[PDB]
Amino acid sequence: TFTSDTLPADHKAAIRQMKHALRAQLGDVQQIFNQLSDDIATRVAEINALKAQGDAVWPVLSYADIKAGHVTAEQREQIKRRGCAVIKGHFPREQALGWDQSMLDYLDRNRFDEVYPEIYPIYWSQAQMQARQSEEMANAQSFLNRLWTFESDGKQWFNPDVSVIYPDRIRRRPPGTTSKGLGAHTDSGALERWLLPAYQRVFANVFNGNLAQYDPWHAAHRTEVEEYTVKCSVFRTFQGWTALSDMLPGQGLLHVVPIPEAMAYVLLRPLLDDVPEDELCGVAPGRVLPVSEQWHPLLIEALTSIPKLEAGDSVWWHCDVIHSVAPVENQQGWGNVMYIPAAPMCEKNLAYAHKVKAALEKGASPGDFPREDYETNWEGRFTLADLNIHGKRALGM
C-alpha cells in the first residue's frame, strides 16, 4: 500500500500514494474537514471567551490535591478537554531554586567553563535525578498517565503507575536574553504520522472520516510507534517541564494549542485540494512537524501562553499538542526549566530504560542526544547507588 515501518527511500512517492489512498477512503475530505473545523472552532471560541475574561485557559491544579488524591472529576475532564495542565507548587519554590543552585555548584566543581536559551549538556546532576525519582514526580506522572485510556478491550497498553527515567537537559535563560524562540510544532514524529502503520491505526478514525469516534486519549498502538532514523526513543503521554525559576508573562514563554484533537486537523490538511502533490504542508525529513498560519490558521489563532509561574510549578501537555516558545527581546526575569516528561512503562520504553541505565552508570550523554559525555569523569554525579526503589523500577531494574 503506502505505509512503511521505516523511512521510505522515496518519501515523496510514498506521500503521493498515501494521498490517493486516503482521499479515496475519505471520499469527501473537504466536507469532513469543514465539520472538523467547525468542531475545533467551538473550542477556539471557548478559549477566546476565557481570554476575554482574563480567565485561565490552561487547567490549573494544586499539587496538594494531586498528592491527596482529591482532584475532582471536573478537573480531570478539563485537562482532557484542553490537553495540558499547570501543577502549582509541584515542588516548593525553595526546593526548585535550590536545585538550580545545586546544578550550578555542580558545574563549577567540575570546571564546566574550562572543559566546555543555553541548553546545558548535563543529565546526571543530583538535582535532576532526585527530581525525576521523587515521590512528587511519581504522583504527577501517575495522575497524568491515568487520564489516558490505557486499557482497551482485553489489553493493557502501558503501566500508568511507572514512568521511565528519561534523561534530558536543563535550560537557563538569564535576564537580558534575546531569543527568536521556537515556531509552533508537534513532536513524536512528523512524516511517520501518515506513513507509519502504527499511526495509521492510532488515527484510523481520522483517516476514515469517523472523527466523532477519534479519541486523542486512546493509547492503543501509540506504544508501537517507532520514529524514523534520519529523535525520541520513548513513548510519552505528556511532555513537560518543571520551573527552576519564576517565569513572567510575555517573556518568551511556552505556548500551546489547548485542543488535543487539533492533530486531526493537521493530519487532514495536506489532503485538501490546494496542496502540492509531493508537499505535506511544511513537513520535511528529519524536522519537527510545523504548524503555521499559512496551512493551519484556525489552529495558530488558538496558541495560548502558560500563565505566570513560580519556581516549583510544572507544566504539561499531551503528546499530540501543538506548542511553541514565543520570542523575547531583553527578557525580564529568568527562564530556567528542567525537562521531565511522562513516559509510561511498556515494551518500547523498557528497551530505552536499559540504555538509560547504562548511560547513567557511565555518566555519558543519553542516546537521544548529542554525544558530548561531559559528566563521565565528574564528581558529585548521581550514580546507581543513589537510586531509590522507584528510580530502579523506572529503569526497568
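Counting begins at 1, following the sequence as shown.
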{"property": "Count class of deposited residues lacking coordinates, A212 to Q213", "result": "none"}
{"property": "Stretch exceeding the other in mean C-alpha B-factor - 369 to 377, 385 to 393", "result": "369 to 377"}
{"property": "Mean C-alpha temperature factor, higher of 261 to 269 and 183 to 191", "result": "183 to 191"}
{"property": "Largest Cα B-factor, entry values, listed residues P344, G333, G54, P341", "result": "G54"}
{"property": "Selection from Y123, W148, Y228, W99 [criterion: highest C-alpha temperature factor in the record]", "result": "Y228"}
{"property": "Position of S152 among the chain's modelled residues by C-alpha B-factor, lowest, middle or highest third", "result": "highest"}
{"property": "Entry-reported Cα temperature factor of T42, expressed as the chain third it lands in", "result": "middle"}
{"property": "Cα B factor band for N208 (lowest, middle or highest third within the chain)", "result": "highest"}
{"property": "Among modelled residues of the same chain, the CA temperature factor third for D320", "result": "lowest"}
{"property": "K308 CA temperature factor, ranked by third within the chain", "result": "middle"}
